[PDB]
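Scroll down for the structure; my scribbles are underneath it.
Labels below follow one simple rule: chain letters A, B, ... track the order of the sequence lines, proteins then strands, and each chain is numbered from 1. In what follows, every heavy atom counts, from backbone to side chain, and hydrogens, waters and symmetry copies are set aside.
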Amino acid sequence: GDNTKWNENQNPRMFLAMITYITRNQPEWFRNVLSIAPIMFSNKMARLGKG
Amino acid sequence: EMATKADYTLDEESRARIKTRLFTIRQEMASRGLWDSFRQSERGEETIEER
Ligand SMILES: [Mg+2]
Ligand SMILES: [Mg+2]
């Protein structure tokens, strides 16, 4: 089996949910520093290129 | 003060200078009412908290 459009359907919000469940009962600084990447990817911009 | 085998490597006048600087600093502290918490801040400052 292959999965189709894998990267285009992987949502950063679900990565944030996964990281939040994985880092339960951890120090809060650790959860924050692990949560920043899904947040930044949820608000990301794609540069269009050369034109 | 204390020292291993009571061998204060320095002499009386230099240790007196050190003690005079410490006393001056502590009284400068108590002038601004800062000494109490600083005195009670020793049992935790060998533990580095991440923020
Ligand atoms: Mg395959
Ligand atoms: Mg393929």
Any residue meeting side-chain hydrogen bond (donor to acceptor under 3.5 Å, both in side chains) with B:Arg43, in chain and number order, not counting sequence neighbours = none

Report the residues that fulfil side-chain hydrogen bond (donor to acceptor under 3.5 Å, both in side chains) with B:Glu45, sequence neighbours left out, ordered by chain and then residue number.
->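 For B:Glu45 there are no side-chain hydrogen bond (donor to acceptor under 3.5 Å, both in side chains) partners, ignoring immediate neighbours.
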
Run the side chain to side chain contact (heavy atoms under 4.5 Å, CB included) test against [X] and tell me which residues pass, sequence neighbours left out.
X	result
B:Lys5	none
B:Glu28	B:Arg32
B:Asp36	B:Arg39, B:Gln40
B:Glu42	none

Do other residues, nucleotides or ligands put more than 12 heavy atoms under 6.0 Å from A:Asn7 CG?
->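 Yes, the 6.0 Å shell around CG holds more than 12 heavy atoms from other groups.
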
Other residues, nucleotides, ligands: >12 heavy atoms within 6.0 Å of B:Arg15 CZ =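 Buried by this count: over 12 neighbours within 6.0 Å.
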
Would you be so kind as to tabulate the donor-acceptor pairs closer than 3.5 Å made by side chains of residues 27-38 of chain A, with sequence neighbours excluded?
residue	atom	partner	partner atom	Å
A:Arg31	NE	A:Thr23	O	2.8
A:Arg31	NE	A:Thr23	OG1	3.3
A:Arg31	NH2	A:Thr20	O	2.8
A:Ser35	OG	A:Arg31	O	2.7

Residues two or more places apart in sequence or in another chain: which of them pass salt bridge (charged side-chain N to carboxylate O under 4.0 Å, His left out) with B:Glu46?
-> none

Could you tell me which residues satisfy salt bridge (charged side-chain N to carboxylate O under 4.0 Å, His left out) with A:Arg47, sequence neighbours excluded, listed by chain and number?
->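 Partners of A:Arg47 under the salt bridge (charged side-chain N to carboxylate O under 4.0 Å, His left out) test: none.
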
I'd like a table of donor-acceptor pairs (distance under 3.5 Å, sequence neighbours excluded) in which one partner is a side-chain atom from residues 17-26 of chain B, with atom names and distances.
residue	atom	partner	partner atom	Å
B:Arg17	NH1	B:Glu13	OE1	2.9
B:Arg17	NH1	B:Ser14	OG	2.8
B:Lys19	NZ	B:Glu1	OE1	3.0
B:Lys19	NZ	B:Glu1	OE2	3.1
B:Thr20	OG1	B:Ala16	O	2.9
B:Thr24	OG1	B:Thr20	O	3.0

Distance-only, no hydrogens or angles: does the B:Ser41 side chain make a donor-acceptor pair with backbone N or O of B:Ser37 under 3.5 Å?
->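 Yes, B:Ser41 side chain to B:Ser37 backbone: donor-acceptor pair under 3.5 Å.
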
Check whether any side-chain N or O of B:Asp7 sits under 3.5 Å from a backbone N or O of B:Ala3 as a donor-acceptor pair, and report yes or no.
->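 Judged by distance alone, no pair lies under 3.5 Å.
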
Mind checking the OH-CE spacing from B:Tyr8 to B:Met2? Nearest 0.5 Å is all I need.
->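 The CE atom of B:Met2 is 8.0 Å from OH of B:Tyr8, to the nearest 0.5 Å.
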
Tell me who clusters with B:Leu34, hydrophobic residues only, linked when side chains sit under 4.5 Å apart either directly or through other members.
->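 Members other than B:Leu34 - counting any ILVMFWY side chain reachable under 4.5 Å - are B:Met29, B:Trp35, B:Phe38.
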
